[PDB]
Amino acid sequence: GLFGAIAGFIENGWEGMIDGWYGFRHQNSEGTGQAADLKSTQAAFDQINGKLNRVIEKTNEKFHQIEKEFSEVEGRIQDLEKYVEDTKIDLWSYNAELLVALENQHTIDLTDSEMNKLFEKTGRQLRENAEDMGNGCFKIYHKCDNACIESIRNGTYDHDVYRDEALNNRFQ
């Protein structure tokens, strides 16, 4: 995708993450764990759901039309009836093909975008207390217990608290 996260700097997805579309894995002094990010997951879902509902917006209801199958050869009028219908069908078939191609490209790009948004949001939260490893992971340069990890995940991590500890670990 356009943002280079999904199938990009993030090597692969997690089959083990079954409670959300995007999320966090950590390793600290207390071990390892996984948690889904609800906000990013919800934003992807809302957009995909929105486009689905637009596409299935029921719009057409037709009653008496023209005949489309013929039991007799007739020439000019029947040629025109068949041509009109064949023309219609080709144009709608084109519309359908284009629609799915554009929608699908966009769905892949919007999901890639949401991954990227979450990554940049996290990076900004951490300020000078962490470095981007380049594979979707941050090396955090301080002691970060399970409380500290949850603080990052629920958006309440105060970077000032750990800055001195982290700045020291980073530069020598």
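A residue's number is simply how far along the shown sequence it sits, counting from 1.
Stretch comparison (10-18 versus 157-165) by mean CA B-factor in the PDB entry places 157-165 on top.
Between 138-146 and 99-107, it is 138-146 that carries the larger average Cα temperature factor according to the deposited entry. Ranking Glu30, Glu61, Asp112, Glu69 by the C-alpha B-factor listed in the PDB entry places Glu30 at the top. Among all modelled residues in this chain, the alpha-carbon of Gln125 has a temperature factor (C-alpha) in the highest third.
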